[PDB]
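Chemist: When you get a sec, could you give me coordinates for this:
(2 chains)
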Amino acid sequence: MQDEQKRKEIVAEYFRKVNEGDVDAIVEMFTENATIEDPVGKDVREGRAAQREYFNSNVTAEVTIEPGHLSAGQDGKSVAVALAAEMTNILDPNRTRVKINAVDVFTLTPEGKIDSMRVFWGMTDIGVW
Amino acid sequence: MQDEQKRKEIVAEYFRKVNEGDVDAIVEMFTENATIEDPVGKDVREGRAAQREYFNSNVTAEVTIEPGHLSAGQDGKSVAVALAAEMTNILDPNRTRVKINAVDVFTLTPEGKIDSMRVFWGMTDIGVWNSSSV
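Modeler: Residues are numbered from 1 along each chain as shown, chains lettered A, B, ... in the order given. Now the structure:
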């Protein structure tokens, strides 16, 4: 959306749906050709198949997100927000929960669909206990 | 810097120097043709010059920054951080401060210098806060 408030509300709803773990509902928030860059500097994920794989991987990892303040850009489409993500590695037989402190930047269409997400987190943004 | 900890330590210094009000020292942390886009979307300063227009008006605005956690990109150069910036309230200079909740994204050089900064904040990211207990 181009209205800041409404734009933020769509991102808030995205995090609610990540938390709910409902892949189909999450994927439908994105445009069909939306790109996801997670982490920033690795391979860009592009289109529906890649989104699906990425969100299945997140729900499988039992991700929970606690978002910080949602900041709007003044470009009619961006939202940027620091978050704490917690998740489990499904290959770890101890299923140990890890925290990642990340920053997400979204851009949205004027109809309110997400068309890019970039996720900043590095090796040194990961914590345990 | 390509090493995440080093890259972060540099941005940590940037905020320290901003809070110190030392325009000389701040401007220097940038490269010659660094772009500062603040706010994102009403772009886009470029150049050693406009970085002094920039840093001088921050000092004039009595800006203080409280950064949160510094996250790194895995692109060998980005740092991204949510912060709270407080400054003078011109509508009520003496009684209140304006607070903006923003996200900064920096990209840095392999030497340690800032090439770009995009500061995300909107009209809905501004609060007014009590400033004195007179």
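Chemist: And for residue A:42, the neighbour number?
Modeler: 12 (other CB atoms under 10 Å in any protein chain shown). C-betas here are computed from N, CA, C, even on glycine.
Chemist: list the contacts for it?
Modeler: residue B:74 (CB atoms under 8 Å, 6 or more residues apart in numbering or on different chains).
Chemist: Please confirm that it is located within a helix.
Modeler: No: assessed by DSSP: H, G, I helix; E, B strand; the rest coil, residue A:42 does not belong to a helix; its assignment is coil.
Chemist: From residue A:62, how far off is it?
Modeler: Using CB to CB, to the nearest Å, one gets 22 Å for the distance from residue A:42 to residue A:62.
Chemist: Equivalent analysis for residue A:52, please.
Modeler: 18 Å.
Chemist: Looking at the two now, which is surrounded by more residues?
Modeler: Between residue A:52 and residue A:62, residue A:52 has the larger neighbour count (other CB under 10 Å), namely 16 against 13.
Chemist: Name whatever forms a beta bridge with the nearest residue to residue A:122 once chain neighbours are set aside.
Modeler: Leaving out its chain neighbours, the residue that sits closest to residue A:122 by CB to CB, 6 or more residues apart in numbering or on different chains is residue B:72, at 3.1 Å. According to DSSP bridges, the partner residues bridging residue B:72 are residue B:79.
Chemist: Can you point out the buried residues in stretch A:108-122?
Modeler: A:108, A:109, A:114, A:116, A:117, A:118, A:119, A:120, A:121, A:122 (16 or more other CB atoms under 10 Å in any protein chain shown).
Chemist: whoops, I mixed them up, stretch A:96-112
Modeler: Those would be A:99, A:100, A:101, A:102, A:103, A:104, A:105, A:106, A:107, A:108, A:109, for stretch A:96-112 by 16+ other CB under 10 Å.
Chemist: Pretty sure the fifth one sits against residue A:84.
Modeler: No: with contact defined as CB atoms under 8 Å, residue A:103 and residue A:84 do not form a contacting pair (11.0 Å).
Chemist: so how far is stretch A:110-126 off the chain centroid?
Modeler: 5 Å (CA atoms, centre = their mean, to the nearest Å).
Chemist: Alpha carbons only: can I get that stretch in PDB?
Modeler: These are the backbone C-alpha positions of stretch A:110-126, laid out as PDB (Å, rounded to 0.1, in the frame of the first residue of the first chain):
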ATOM      1  CA  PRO A 110       0.000  -0.400  -4.200                       C
ATOM      2  CA  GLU A 111      -2.500  -3.200  -3.800                       C
ATOM      3  CA  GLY A 112      -0.600  -4.300  -0.700                       C
ATOM      4  CA  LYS A 113       1.200  -7.500  -1.900                       C
ATOM      5  CA  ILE A 114       4.800  -8.100  -1.000                       C
ATOM      6  CA  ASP A 115       7.200  -7.900  -3.900                       C
ATOM      7  CA  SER A 116      10.600  -8.200  -2.400                       C
ATOM      8  CA  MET A 117      12.000  -9.200   1.000                       C
ATOM      9  CA  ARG A 118      15.600  -8.800   2.000                       C
ATOM     10  CA  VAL A 119      16.800 -10.400   5.300                       C
ATOM     11  CA  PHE A 120      20.000  -9.200   6.900                       C
ATOM     12  CA  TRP A 121      21.600 -11.600   9.300                       C
ATOM     13  CA  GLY A 122      25.100 -13.000   9.600                       C
ATOM     14  CA  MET A 123      27.000 -15.700  11.300                       C
ATOM     15  CA  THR A 124      27.500 -13.300  14.300                       C
ATOM     16  CA  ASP A 125      23.700 -12.700  14.700                       C
ATOM     17  CA  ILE A 126      23.100 -16.200  16.100                       C
END
